[PDB]
């Protein structure tokens, strides 16, 4: 009977991880001390929000900068957190050396293999989970027409996973995407995609459900069924970027209560399926979240308020974890 009961302590008892995404340059924020203290007290897995992406780590064709990623990895290792690497292949925020010229298939395959082997071998053994391909599927449930897809065709996805496994055979390799938590056209396309990759022996070890949801919640029965179909492909399941956005106008107490009910229910369903290995939120304090810039009119989507005080959802998830253990 230690005096505080943290999320990470409860996660350790349930053999899962619970954690967060770390903002760029967190160590140099004006409130770095408080941010780092709440993070180390609460969490046992960290994803760098942006500083392992291409624009930061590979800013010119023949230049690599691991300096900010290594700050994230150092903080995680010092505080007994595992690291989730994000992300090796994605369509957005690519540097100008990629977006500003025309590519052929052979040349872009060679670029992608070099990026992936350089980055994954740099952090071999230190990054336990990689998001190898992120968001490859469009919101109609076809392949997203990214630079990678347009130039290479669909084989970019199987090659990215094969190249990542060669460079670190111990990392857990996942495909990560949003709005695939329920059974729908997008998740059906991802399901068949992954089923076909694994039939070909491609090493897709798991699926990441981003869980960027709102105060309307999910169709819980559909999420439960969708988690079961993916687990039965032999996948580990990660909830990778959770946030539960609420409108900024009006009835804050009402929306904080609905946010708590939604987080409680998501945790209940995840803890009932042993394929779910980790639940991370995309940040942890409302002071530092991508939601208000990306979803206009919404925010307050995380576990702690702007002053680092826990919100009703924090107590709600803690209660669920404690009941699951007892």
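Residue numbers count along the first chain shown, from 1.
Taking the recorded C-alpha temperature factors, which stretch has the higher mean, 145-153 or 115-123?
Stretch with the greater average CA B-factor: 145-153.
Comparing 35-43 with 253-261, where is the mean C-alpha B-factor higher?
Of 253-261 and 35-43, the stretch with the higher C-alpha B-factor average is 253-261.
At the C-alpha atoms, which of 49, 286, 62, 268 reaches the highest B-factor in this entry?
Highest C-alpha B-factor among the listed residues goes to 268.
I'd like to know which of 187, 222, 134, 138 has the highest C-alpha temperature factor in the PDB entry.
The listed residue with the largest C-alpha B-factor is 138.
Lowest, middle or highest third: where is residue 168 by C-alpha B factor in its chain?
Tercile = highest for this residue's CA B-factor.
Lowest, middle or highest third: which one holds residue 85 when the chain's residues are ordered by CA B-factor from the entry?
Lowest third of the chain for residue 85's C-alpha B-factor.
Relative to the other modelled residues in the chain, which third contains the C-alpha temperature factor of residue 275: lowest, middle or highest?
Middle third.
Going by what the PDB entry lists, where does residue 228 fall on CA B-factor within its chain: lowest, middle or highest third?
CA B-factor rank for residue 228: middle third.
In terms of the chain's CA B-factor thirds, is residue 98 lowest, middle or highest?
Tercile = middle for this residue's CA B-factor.
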